[PDB]
Each structure stands twice: as C-alpha cells, then as structure tokens.
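Visitor: Let me give you the complex in parts, starting here:
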Amino acid sequence: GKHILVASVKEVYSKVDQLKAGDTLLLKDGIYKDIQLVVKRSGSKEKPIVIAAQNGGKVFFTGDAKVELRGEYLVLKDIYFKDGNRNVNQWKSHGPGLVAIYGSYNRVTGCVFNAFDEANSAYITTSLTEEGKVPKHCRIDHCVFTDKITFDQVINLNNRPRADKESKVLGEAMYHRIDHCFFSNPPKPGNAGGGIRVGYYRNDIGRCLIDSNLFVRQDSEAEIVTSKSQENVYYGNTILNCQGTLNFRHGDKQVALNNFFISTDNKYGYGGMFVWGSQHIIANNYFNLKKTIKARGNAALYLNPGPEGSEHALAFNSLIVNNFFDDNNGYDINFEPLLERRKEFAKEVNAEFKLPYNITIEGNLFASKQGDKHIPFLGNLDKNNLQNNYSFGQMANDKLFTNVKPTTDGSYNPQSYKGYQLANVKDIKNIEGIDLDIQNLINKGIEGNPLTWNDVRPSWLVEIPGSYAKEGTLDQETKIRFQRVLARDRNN
C-alpha cells in the first residue's frame, strides 16, 4: 500500500511496470505531454493499483497521449485530458478509445475529457485483447465528456471487435457500470457516433448498468445511447435538452427505469426514446419535451414498426407502465414512426412487415396544457393491451383515460394525483448480474427528481468545462479543429 510520487512522463514510465497491488502512483501537478500510459500489472480486489492526480484538476494528459489499462483491478483517477494532438492517421472509429480498458475489473473515475483532439476514436472503450478476450465488470464513473469534435461514440462497451450479425454464438455479457457521468457534445453529420454504444447486434448480451448520468445537450447525432445488446438497464438518468433519443436499438429484454427526459426551452427537437425489439420494460420515466424531433415522428416514445427480429426489429410484447407524459409538444407514444421506410425495408429483406402489438400500456399518466391540439397516440392501439391509464388536462382521445387531479405543486410523481393508480405487474424477471429488484422498483413509481451538475460532477471540478453546454457553441480554437475533422471526413 505504498504511495509513489512522480512528476514527469519519464518518471511515470520508470514506475509503471513495478506497481504492486495496493500501490498508488500519484502524479504531481503538471502537464504530461505525449504520455502513452500502458498499465500491464494487476492489483487485487481488496487492493487495486491506483494511478491518480495528487490534486484533481492540476494533472493534464495532453499531446499525442493514450491510456491502456491491460492489467486487472486498476483505477485511473482524476486526470484531465485536453490539448490533445494524436496522429489522426493512427486512430479510427470502432478502434480503441483514448483511454482503452483491455483488462477486467478496471475503473476510470473523476476524469475529464474536453475537445481533446482531431483523431477519430471514442474517449473511453472497453476493448478486446488481440486474442479476443472480453473485459468484464469495469466501471466508468464521475467522468465528464464535453465538446467532442471527433467521430465515434463518447464511450463504446465492446464484446466483439466488429458487428457479426449472422453469428450463432452470443456476445459475452459484460457487466459494466457507467454512472454519474456528464455528457454535452455538439452535432456531427450523419451516423457520426453518439454518447454510448453497448454491443453491436441482437446476438450480443450486455447486462450493463447505465445509471445516474446527466446528458445536457448531448447532440452528437440521432442516438444519445445506442443500446445494441440484450438485458441492459438504464436507471435514473437525466436527459436534458438533448437532440436525440435513448435507444433500445438492437437486442431484446432491455429496461429503462426512473429516467427523466426533460427540456427547458423549445428551441430544437428533443428526445425521448426510440425502441426496437421485444420483452422490454419502460417504467417510471418522466417526459416533458417542449419540442420533439420531426425527422423521427414528433414523439416522446417511439415504438418501431417492421419485421420481427430483423435489423429494424419490430417493437412488440413489452411493458410500458407508470410513466408520466407531461405536456409534451408532440405525441406521447408513436406506434408507427418511419412507416413507409420500414415497409420498404421489410420488402428489401423479404420479411413480413408488422405493426407493434401485445404491448401492455398501464398505469401511465398523460397530462397536457394544449387541449385537443395534443394527441397522445399515433398508430394502432387495438393491436396492443391498453389497460387503466390516467390523464389531467383536456386532450384528444381523452375518453381512453380516467380523470385525475394534482394535489401538490411541481410533483414529478403521478402518485400525488388524486385518482391515480400504479400498474399491477407480476412475475417481472431481474437481470442476471445487475443487483436491482426490478419488480420492487417498478412498484415504487416515480420517487426521484432530475439530476443536476452538482449530483454527478467530480468533487474537484467546480464548473462544467468546455463551451457547448454553457453557450450552445464551441470555443474558437475548437471550432477550427472541428472544421479540420469534418473536411477530412468529407474528403475521405
């Protein structure tokens, strides 16, 4: 359990290969330019190896830098990544991230990433070794990801090197946790990479927990999260003014519980969730979107039409309960987004086109100040199981709902409305390796409130870094570097 103090890149290199379980390699204040930190030794579960700033906020990794956590039970802590300059020809989308986690049982905590450089990669990945071994049980927490001007997601959690859509072997469950992180990143063109990707296709098992994160103008592309694996849980996250949706994109049996999808202006279309596949639970989520996304279907919750189990898998046989759809400007639930394109897709792959069906809709509260201009649903409800739901405020198709009335001011909790009742659910399965009693959590309802910066920030960092969250634009130097990235892509 020895603290080992170092003050330069060369002094780091001199110690890294001698670290033992319980050692903390403490970096003195300074700039560590072009640091290529490759940690191959391992800690133990009770005595991790920690590599940390002595004073968070005073240690910068800059220049042509990277981190590879290849041992197990390693912690990278309180590092600030900025003023980067990697060789853009040595990095690509779908490769390792600026910090790449190759070993299991590893943690990246309190680290800040702001407009790092022009090399396209994620900021953090879990990456397979060259022999194909999948890292498991890692944690990314209390990190800050802002002003990303490069392609690929902010974070990729991988269990294959590339998508393998036809494989009969399942991608191995990963059991990672991403929690208390902050995301705010500017729009990029096309399928440019979003906030988080988990796995690649329907035949991948995730079993990762994404909880307590704060996304504020996470605007990189259409997908805030592109969840592309089975059995992931999105719990207690706050999505504020985000131009995109949290998606169950590939993989059945995913869960979104007690999140907030909120907005404080009507300047851009905000989301929201877009759902493909079946056996999902969408429960206890609060939606208040003052403007929704026209290109997707102008809704808070979108349920995909298409062929079952396909690349655009039909949304069906799922549970939508105890959510609060509060004064959305758009449909609350759209059961026919992108209808014509999906019909064309089903024809392209020679598969039966279907509309969403057997989705149980119960215990939800719909409220509006917009009168009959607000239409809660688009699409075919009779193919689904519409049980008792509740509404406050006159809206179109009001007769579907039981009238209720608020008793408190400013409550996010439908249980504070007189007449409201929670859904009766039973036999809900917990997810292996995620220590959450899902049925009990469904039955508690919406007891939370939106996260703020102080709820997630690294303890040493006072203000949100960067410029997109604060100003809605980039600082001048970053704008110039971003224009270089975009021109190189257009001409690639």
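Guide: Sure, I can see it. Residues are numbered from 1 along each chain as shown, chains lettered A, B, ... in the order given.
Visitor: and the top helix by length along chain A, how far out from the chain's middle?
Guide: Using DSSP state H to define each element, chain A has its longest helix at helix A:476-490. Mean-position distance between helix A:476-490 and its chain equals 25 Å (Cα atoms, centre = their mean, to the nearest Å).
Visitor: Which positions in that helix come out as buried?
Guide: In terms of neighbour count (16 or more other Cβ atoms under 10 Å), helix A:476-490 has its buried residues at A:478, A:481, A:482, A:485, A:486. C-beta here means a position set from N, CA and C on the backbone, and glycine is covered the same way.
Visitor: pull the CA atoms of that helix into PDB?
Guide: Output in PDB follows, covering the C-alpha atoms of helix A:476-490 (Å, rounded to 0.1, in the frame of the first residue of the first chain):
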ATOM      1  CA  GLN A 476     -12.800  29.400 -31.300                       C
ATOM      2  CA  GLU A 477      -9.800  27.000 -31.300                       C
ATOM      3  CA  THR A 478     -12.100  24.000 -31.000                       C
ATOM      4  CA  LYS A 479     -14.300  25.300 -33.900                       C
ATOM      5  CA  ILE A 480     -11.200  25.500 -36.100                       C
ATOM      6  CA  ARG A 481     -10.100  21.900 -35.200                       C
ATOM      7  CA  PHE A 482     -13.600  20.700 -35.700                       C
ATOM      8  CA  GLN A 483     -13.700  22.100 -39.200                       C
ATOM      9  CA  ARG A 484     -10.500  20.100 -39.900                       C
ATOM     10  CA  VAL A 485     -12.100  16.900 -38.800                       C
ATOM     11  CA  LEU A 486     -15.200  17.500 -40.900                       C
ATOM     12  CA  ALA A 487     -13.200  18.400 -44.000                       C
ATOM     13  CA  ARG A 488     -11.000  15.300 -43.700                       C
ATOM     14  CA  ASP A 489     -14.200  13.100 -43.400                       C
ATOM     15  CA  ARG A 490     -15.900  14.800 -46.300                       C
END
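Visitor: Let's add chain B too:
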Amino acid sequence: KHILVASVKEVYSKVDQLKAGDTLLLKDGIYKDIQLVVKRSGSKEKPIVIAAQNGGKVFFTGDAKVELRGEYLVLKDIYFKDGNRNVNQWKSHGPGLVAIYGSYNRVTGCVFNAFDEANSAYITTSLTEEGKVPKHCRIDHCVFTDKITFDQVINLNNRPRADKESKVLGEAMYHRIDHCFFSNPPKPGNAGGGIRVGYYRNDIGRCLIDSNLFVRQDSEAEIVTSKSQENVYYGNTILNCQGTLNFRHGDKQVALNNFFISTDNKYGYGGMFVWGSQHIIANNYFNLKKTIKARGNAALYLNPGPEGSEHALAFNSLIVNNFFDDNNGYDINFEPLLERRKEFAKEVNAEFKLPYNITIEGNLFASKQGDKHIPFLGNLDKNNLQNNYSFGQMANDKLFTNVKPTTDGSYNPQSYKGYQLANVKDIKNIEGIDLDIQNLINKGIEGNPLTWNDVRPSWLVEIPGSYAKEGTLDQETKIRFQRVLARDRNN
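Guide: Now chain B, sitting on the chains shown earlier:
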C-alpha cells in the same frame, strides 16, 4: 420558410419581404445585372439566408452588386463571374462587389473569378453614408481567383479613409475571415493585395484571419496589409506567394501557427514584414526556397525607422518557437530597406532607429546549405537573443544550441532532441478574440499546412481558373486585364 425564386425580377419581388428565419433559395441559372440590396434584418437565432439552391449552379453576372445593409444576413454559395460593371462607377477604396454595410453578417461559400474590369475589392465591410461601422461579420469558405482589377481582394474598414492625425481610435471591428482561398496575378505598383484591415496606427482591428490558404497570391508586395491594432493571423498557409504577410500599421498584432512555404524556387516568396511594436510572432514554420531580393532576401523582416511613424520601427516584440527551415536567404533581416528608411527618417524630422528589445527565444534554425546560409542580418546586440536551436551547419551558429531530428518530415521543433520551447509569461488575450494566446504559444507547432480540400466550399471540386496551376489566365481574362492596365497607365 424557404422561398424559391428563379429570376432577377423574382428576387426583387421577395427581398424586401424577408423575415428572420426565411431562406430565399435561388433556382439554378444566370442572374444578370442583379443589384441585390438586402435591407431587412434577421435575428441572432434566426438569420435571413440568401442562397443558391444548388451551389455552383447560380451565377451573378453582368452589372451586378450585393449590398448587405440589414443585420443577421447570410449570402451563401453564389458564383460571381462574367461581370460587366460600369468601370466609371467604381474605384479603389470604395465598396466591394459584395459590400457588407450591416453588422453580424456572413458571406460564405461564394466564388469570385476574374469578375470584371471595374476597380474595387471583391468583398468589403463598408461604412454607411452616415458613418456606421459594421462589426462581427464573417467571410468564410470563399474563393478569390484571377483578380484583374486594382484594390485588395477584401477590405475591412472602420473609416472611409485614413485619418492619420486623429486621436479618436478607429472602432474595433471583430470580423473573421476564415477557410478562404486566394490565388491572383501580379499587378503593377501598389495595386492592392489580398486583405487590408483598417488604414493606420490609430485604428483598432481585433479581427481574426485564420485557416486561410494563399497559393500564388501574387497581386502585389503585400499578401495581407494589416493596418490596425490587435489583429490575429492564426493557422494560415501561404504557399509560393510573391509577397509578405505584413504588420504594416498598428501595434500589438499576433501571427500564430502559420505556414510560409514553397514547392519550387522559381520566384521570390515570402514571408512576413513587420512594422511597429508589442507584436507576437510565434509557432510559424518558414521554408522559402527563394526569397524576395527587393525586400532584403529574408523569411522575417523587421522594419528600421522612427518609432510610431508612417514606417514605424519594429521593436519591443516577441519572436518565439518559430521554425526557420532551409530558407534561401536570411532567416531574420533586422535592417531591410536601410538607406531608404534613413532618408525617410530625415524627411519627417524623426529619429532613425534600428530594431531593439525584441526577444528571440525558442526558435529552431535549420539549413542544408552550409556556411553559405547566414541566419541574421543586422544588429543583434540591441535585442534579447535568448536560447535558440539549430540543425545543420550554417554561419554564426555558435549563437545556437545543436539539436537533432527524431523523425522525417516533421514541422514541429519539439520532435528534435535537445529542443526547448520559449519561457513566456503574462501574455494577455485580445478582447473579443476567443483564443488563449499564451496556451497556444506554449503548445508549439502542432499543425500541418492546409490543402485545397481543407478550405473549399463543399460544392466546388476544383480551384477555378489556372493561375495557381500554370501562372496563366484564360484568353478572355487576359484581354480584359490588358484593358484594365491600359486604362490605369493612362489615368
């Protein structure tokens, strides 16, 4: 909303009814003699856009002009060629072909090729009749080629004319010129170069000129004539240009992370010429395979003369972290035009001085020419020569610490074993320019030269004309240029 129009008359029928957030989309075609005067204004969040529906398919031709008089206006993806303005209605120092009278305006993606024979700039920021100065405008992703007329390509104005004796400062402009391409043929005399900012030492510019590509910008001796204080030239590439980027009038200017480069030794290339004080010349890479004989054969020229005058002494400035790589000439000339400046000093009854108090630190001086290469001309004793570095035999290199490369093809002195950046402190930022000047100095030469694909309008594949390509103008343009030159010689 999007408003489609397909003729000059249809443009005039809509332009005075535009509202914030409207886009006036021009259908493909030739808009001859269009005099586009945009008086309405957009808002910060919702500009008014006038744009080609299809970039490269709309042409403004004939006796044309654009006046952007409202605010929060954008002129986008217009191609200016085949012009025919009345040559008696336009003069140097007047408005440009596109004249920006209002603040918060943008001209983007517009291409200008050998437009006509009327002497004017291609784009100006122009004062209104009553004297109001436009501020916070942007000219970006524009292409300026084959200019056969007098005056600069772009003028940024804060006065109708130089008011050299005034104590009221010319108002700060805060414009940005970025991702533009310049390639223009030689004109005789003081014919107007690429960009002019302001008119004299008592003008404040605070303009950002960044990420531009000058390839055979050969119009005259000055690629940029920077004639106002506190302008920043950041990350521009100057390639085979027969001229220099100048700090001509006005103290406290910055040249950061630029490339002054060459790919042949056919003509004298530049380079920077510096008048005045309190400048920062940092992180610039120079490789000039031939230098300009008439100016003093150097990469960087520091002006001698009286302080604060029409030929202001270069003094009390910082020259750090630059890479003077195999220049054919002096790396720094501290006595250019020596006898002419002594005669000027006597004509104005002001004390002649040589450059002094210039701190030269952290620069890398390299050469393949041996002792034939001399890095400095003039008086070093008057200046603050700190730790500098060198690679390759050259004259007087005992002044330098030897360093060695670790890779091939690097523009970055930090890749040389033994090299150290300058120790700088208390460098302040310039108001209204969102760049951390001290941090940028300390990061050094991390970039590489721009190429055409880094700056071009996304719709335009090839550089217009062949001046950059072959030093030639097309036949019609050569005939029109001869008319301009004959009219000038006889005026």
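Visitor: The buried residues of helix A:476-490 again please, chain B included this time.
Guide: Across helix A:476-490, burial judged by 16 or more other Cβ atoms under 10 Å in any protein chain shown covers A:476-488.
Visitor: Can you narrow the residues you listed down to the ones near chain B?
Guide: The subset of the buried residues of helix A:476-490 within reach of chain B, by Cβ under 8 Å from any Cβ of the partner chain, is A:476, A:477, A:480, A:483, A:484, A:487, A:488.
Visitor: can you tell me which residues contact the fifth one?
Guide: Pointing back at residue A:484 there. Applying Cβ atoms under 8 Å, 6 or more residues apart in numbering or on different chains, we find residue A:484 in contact with A:118, B:454.
Visitor: list the contacts for residue A:223?
Guide: Contacts for residue A:223 (Cβ under 8 Å, 6+ apart) come out as A:194, A:195, A:244, A:245, A:247, A:249, A:274.
Visitor: Could you work out the most separated pair of the residues you listed?
Guide: Within the contacts of residue A:223, A:195 and A:274 form the most distant pair, 13.9 Å apart (Cβ to Cβ).
Visitor: burial measure for the one residue in the stretch 201-350 of chain A that gets nearest to chain B, as a count.
Guide: Going by Cβ to the nearest Cβ, chain B is nearest to residue A:267 of the stretch 201-350 of chain A, at 7.6 Å. Residues within reach of residue A:267, counting by other Cβ atoms under 10 Å in any protein chain shown, total 13.
Visitor: what does the stretch 151-300 of chain A have sitting close to chain B?
Guide: Proximity of the stretch 151-300 of chain A to chain B (Cβ under 8 Å from any Cβ) is limited to residues residue A:267.
Visitor: one step back: can you tell me which of the ones next to chain B among the buried residues of helix A:476-490 is closest to residue A:366?
Guide: Closest approach between these and residue A:366, by Cβ to Cβ: residue A:483, at 44.2 Å.
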